[PDB]
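Data first, discussion second: the structure below is written as structure tokens.
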Amino acid sequence: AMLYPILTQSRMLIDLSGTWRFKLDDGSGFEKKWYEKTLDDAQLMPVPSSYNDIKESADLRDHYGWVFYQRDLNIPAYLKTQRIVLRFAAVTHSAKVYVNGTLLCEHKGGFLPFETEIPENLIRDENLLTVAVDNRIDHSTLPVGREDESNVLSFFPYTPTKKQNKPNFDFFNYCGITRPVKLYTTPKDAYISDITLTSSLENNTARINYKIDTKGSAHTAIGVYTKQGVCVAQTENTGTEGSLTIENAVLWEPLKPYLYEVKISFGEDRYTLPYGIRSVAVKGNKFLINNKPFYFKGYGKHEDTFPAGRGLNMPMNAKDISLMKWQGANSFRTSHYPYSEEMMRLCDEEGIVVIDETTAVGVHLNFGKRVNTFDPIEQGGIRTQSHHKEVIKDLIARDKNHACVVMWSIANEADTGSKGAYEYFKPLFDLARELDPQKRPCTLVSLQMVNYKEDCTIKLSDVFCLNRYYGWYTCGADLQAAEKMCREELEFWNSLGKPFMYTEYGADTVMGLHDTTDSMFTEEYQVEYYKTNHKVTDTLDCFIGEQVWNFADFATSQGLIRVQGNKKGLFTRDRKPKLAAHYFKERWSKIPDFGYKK
Amino acid sequence: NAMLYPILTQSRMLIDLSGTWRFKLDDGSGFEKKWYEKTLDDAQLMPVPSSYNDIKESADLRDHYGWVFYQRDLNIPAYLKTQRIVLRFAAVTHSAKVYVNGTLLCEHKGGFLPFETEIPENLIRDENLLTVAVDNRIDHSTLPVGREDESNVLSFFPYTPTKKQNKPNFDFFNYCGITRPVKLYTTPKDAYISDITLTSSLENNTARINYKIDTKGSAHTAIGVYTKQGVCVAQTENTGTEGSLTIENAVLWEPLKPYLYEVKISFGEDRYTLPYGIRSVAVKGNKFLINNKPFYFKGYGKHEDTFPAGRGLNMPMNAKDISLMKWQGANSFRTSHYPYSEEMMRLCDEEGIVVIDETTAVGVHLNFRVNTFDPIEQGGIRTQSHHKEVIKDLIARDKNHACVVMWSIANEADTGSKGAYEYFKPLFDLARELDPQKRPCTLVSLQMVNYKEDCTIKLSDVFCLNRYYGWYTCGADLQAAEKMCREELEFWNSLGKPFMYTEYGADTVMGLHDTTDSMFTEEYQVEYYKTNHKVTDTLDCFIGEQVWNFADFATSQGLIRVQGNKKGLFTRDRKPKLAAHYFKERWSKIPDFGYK
Ligand SMILES: O=C(O)c1cn(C2CC2)c2cc(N3C=CN([C@@H]4O[C@H](C(=O)O)[C@@H](O)[C@H](O)[C@H]4O)CC3)c(F)cc2c1=O
Ligand SMILES: O=C(O)c1cn(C2CC2)c2cc(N3C=CN([C@@H]4O[C@H](C(=O)O)[C@@H](O)[C@H](O)[C@H]4O)CC3)c(F)cc2c1=O
């Protein structure tokens, strides 16, 4: 369980972000136990941030292995009366946390939070907090790294100077303490550890079913307040499970959010949770939000800004939401990893719909004998399923109460058209459906493949989410051919009668390149590419959404097809609109959020 | 007045209140209707810390005139009330009124320096609302100065504006809001440290730290000095308020080779740790001496300016900017044209970057017929009183920084006109009185036809010149620029005191090129700098070069501003122009010490 740390009448919240000490591992940092003493001959590194782009050093940017972060932690002794917790919102990719040279916890997985109590007996007058951070990726990590020194994106072979991470995905491997580190407290004896809300609409009355997980013995009380502060439901001494009702409930709607304040108390412990009331259901070829047929308009994003890389950037989060409202979007996907809680909470407050995605990109070993992706671990297949289950558990545990989250994406462009794929994914879908109290739709995001009718998403998903590049990776500069090949395939998907959508489609576009005559990489070609795709999708009644690749240009590994990163953004990396951004502002201004295809 | 940087200690809580706050533009009725007494209704959400102007896509927000209201909930543990509870605002631009529940706690004027207020415990209810009203208006009484007609500082045909707008008397965009973090911190109620003053004495081959510890209440004082590894190298218990400690084996703080001791102070239960670099600064003859060695400034005037936060604290960019300056071979910058965040100052102490620390005094000029320094009752500028408070507050905040080597009293005031000396004499006197280290003081000189009457000559320890030979004069005639540059700078050189460029540059749009001198091109920017250097490299009293600017930055709109000021060596997103590589090469051949 992972409630978002907040300041309450019972909970201290102390942010440890700022300038920390930082040192690259030279192969001896664990042997010489650097975590037992002040880091020596070190740099300084801002926290939170990815550390790859902060300096000017290729050796820093392309480091392979561990680094050590460290700061002093001199906390008031008064807090020893409370329970003291160190919360790491995200550390990419794996972490070992030491206080005063004692290992307190380890974590695997770069994009979900973890915490540990500091034992009171470990706290001195002055303390050292050391975080060791591993950036290595392989066939057992999510995201998947290649183990063969080849590039996912050479014409003549060469021996690399140093060993480097080789991503099996198309985005730069930004690592470090990506999101805030905070110290918080709760009472020692009795405290709230999790909160689970679900809702049901009976005419204009909402029934909110709650389960409040707690530690210790005390009495649980829950209260529901309007934005303006009026109590509208209250029940006392309810224990763990229970329900309550709101008369004339204001529903949470895309672009028209409404959040109630849910105040929980358990003994001395107090926690407030914002909560929007809304329903999600797939019915026929319809994606129903509040029982109305939704049409997705938006993007796959990345958490990517300069110079922090993947690091939390709160002004840019507000800027990006403001740009999506300017453009007329209503939704995005968290490609390809869970985003910060601060973004998710802002989406709840601003009314932006989210497809929440796990970290499972690169689950594909065929993107001295040939190997199948989903062969036995013994026979060389991918080793990600056990961690994949943990990521699903933790993602839903973190984000289950968000009104903005309407669909879970189990993986991006895994090898779903090969043998064994169904056997790998069926337990993960079953896991997602078992653990989400709201029972939201589940999808996997489908790689473009020649044997698309063989994609196991057909057996598993509530919505078929397709990544397709008709006019870019195929039919490049032949948009007539693109239109015919797009129609041939999408008519197949449309004939299945279930809702389907684009979760990626686009064309690399360098701002400032132009031509009136179709030419790839120009601003005009981006627009023509999209016009050609919309000629097809606009005629298909099961096509219920368009999310472009990408919201904005972002950093990737180096390669002959990556023009200083991925250039498929509608916006540049500094959020400036290309021609196609204005095209979509016009297009989305004429398409309603509901009832476009009714 | 005393403004210790808030830190987490054994006796002090530190609660950061940054995040998403509610935000509402005032419509003229915000105070009349007492908006601060309830939740803001029909409000937006705004990140804190940040400037608010560029977060949305609204021109009316960006160009808003007057007040806005920020607000958040503040539900804190009651056991905090056993401590002294303090609300610290690191910066609110330009003026603030702070309310807790219905109650006005404080009001502040000056948009770039911290202020704080105790929260009386009788006011803290179970649930609390914190409201901050922020005024963005500028006039002849604010620093920085706003114009009080419809004039733009940057028009061919006259027109009536749709709405009233601030008219800056300065070349940067009027970014406003809760610029820097808002934090809640605590100290012991009954005995606590209010200020710490440290100075260094290097005479007789013996390095000593002199301390003076300001307290409230009655208790015993102790001070210890610790190396970076944590070895105690001097300590004394039950000490007086003032005293000295000898540091054997002292390592000096040097430009690009920082060393910071940790100075831990105890007073009763209170504990405060202050990083401290030991170094000397002095002007002797025509030399700027750091640790008794002749320094040559290499660097920039900067701005706090990033997209989309505007003036807002951006700590990843701070670290990126220092990395770029070390990559380029710079050793210094000036806080143009306002105090920067404490986070930047502290990072500069850590990284060995030398800082010229400047007040908010830009626009002190009414004639870019009433003269600037006429009597206030005849229309003269009305800033002198606030100018003293800013100097007091700036020195109180930054006095212990080793990186700060020089105070800049104003940028481009009307210092060649009648009355300037009398306006500035008390301010120089004040800065010298208040700085325990007695660092050099200057004002940054506007380019001016009667430069021999610049009152900087009568006041300043270092003459700091803003000159644009080859841009605002002699544009595209660099041979004439060289001659005009040499004529004036030989005058300055003949005075025998240290002098330097604090600004020089040429607007340069990345991607515009020409092998033949053409303004706005990347090549012209290089040639502009080559021409100036042809002259400055021959003048033995010229002890420093700070370009205008480190990076492109936002300004008001006008016919000569190409989406802001384009004189950066880097772009707004920190990419090097041709001239940035030119300077990396040049500054790699110029030593920090002993160039001239
Ligand atoms: O996708 C990859 O990996 C490779 C791709 N291409 C493509 C043709 C670009 C390679 C080409 C190779 N030839 C290399 C040099 N030729 C000269 O070079 C100029 C240029 O290419 O700039 C042309 O303009 C000149 O006309 C021509 O004389 C071109 C072709 C090659 F050896 C390897 C690759 C790859 O490995
Ligand atoms: O349209 C024109 O003809 C002129 C226009 N302007 C104004 C800026 C519109 C002039 C301004 C002059 N001063 C104004 C600012 N001083 C420093 O210059 C930087 C910069 O301007 O780049 C600013 O950013 C720094 O903050 C500031 O310290 C330089 C001297 C001048 F001498 C001549 C002109 C013109 O001639």
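Ligands are counted one by one from 1 in listed order, and the atoms in each one are counted from 1 as well. As a basis for the values below, the full set of heavy atoms in this structure was taken, side chains included, without hydrogen atoms, waters or symmetry mates. In what follows, every chain begins at residue 1, and chains take the letters A, B, ... in the order their sequences are listed.
A salt bridge links B:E358 to B:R334: at least one charged side-chain nitrogen sits closer than 4.0 Å to a carboxylate oxygen. A salt bridge is defined here as a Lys NZ or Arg NE, NH1 or NH2 lying under 4.0 Å from an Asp or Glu carboxylate O, and B:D54 with B:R62 fails to meet this definition. Under the 4.0 Å criterion applied to side-chain N and carboxylate O atoms, B:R439 and B:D357 are not assigned as salt-bridge partners. Using a cut-off of 4.0 Å between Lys/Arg side-chain N and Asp/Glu carboxylate O, B:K577 and B:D552 are scored as salt-bridged. Of the charged side-chain nitrogens involved, at least one lies within less than 4.0 Å of a carboxylate oxygen, so that B:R574 and B:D321 count as a salt-bridged pair.
For B:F499 and B:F463, the gap between ring centers reaches or exceeds 6.0 Å. Aromatic pair B:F373/B:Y421: ring centres not closer than 6.0 Å.
Using a non-hydrogen distance threshold of 4.0 Å, B:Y468 registers as a contact of ligand 2. Ligand 2 is never approached by B:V444 to a heavy-atom distance shorter than 4.0 Å. At least one heavy atom of B:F553 sits closer than 4.0 Å to an atom of ligand 2.
In this structure a side-chain-to-backbone donor-acceptor pair under 3.5 Å is present from B:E304 to B:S341.
Close approach to B:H337 involves these atoms of ligand 2, each under 4.0 Å from a residue heavy atom: 25 (C), 26 (O), 28 (O). In summary, the atoms of ligand 2 found under 4.0 Å from a heavy atom of B:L446, numbered by their order in the structure, are 30 (C). Listed by atom number, the atoms of ligand 2 under 4.0 Å from B:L154 heavy atoms are 8 (C), 9 (C). Contact atoms of ligand 2 toward B:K567: 20 (C), 21 (O), 22 (O) (distance under 4.0 Å to a heavy atom of the residue). Listed by number with element, the atoms of ligand 2 under 4.0 angstrom from any heavy atom of B:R561 are 8 (C), 20 (C), 21 (O), 22 (O).
No N or O atom of B:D507 sits closer than 3.5 Å to an N or O atom of ligand 2. Taking distance alone, with nitrogen or oxygen atoms compared against 3.5 Å, B:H303 stays at or beyond that limit from ligand 2. Not a single N or O atom of B:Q447, backbone or side chain, sits closer than 3.5 Å to an N or O atom of ligand 2.
Closest heavy-atom approach to atom 24 (O) of ligand 2 among the candidates B:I560, B:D171, B:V362, B:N411: B:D171.
When heavy-atom distances to ligand 2 are checked against a 4.0 Å cut-off, B:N466 comes that close only through its side chain, counted from C-beta outward. With a 4.0 Å cut-off on non-hydrogen atoms, B:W548 touches ligand 2 through its side chain and not its backbone. Of the heavy atoms in B:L559, none comes closer than 4.0 Å to ligand 2.
Between B:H337 and B:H303, the ring planes lie perpendicular to each other; the angle is over 60°, past the 30° to 60° tilted range.
Evaluated for a ring-ring contact (aromatic ring centres under 6.0 Å, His included) with B:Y504, the options B:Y469, B:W548, B:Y529, B:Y468 yield exactly one hit, B:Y529.
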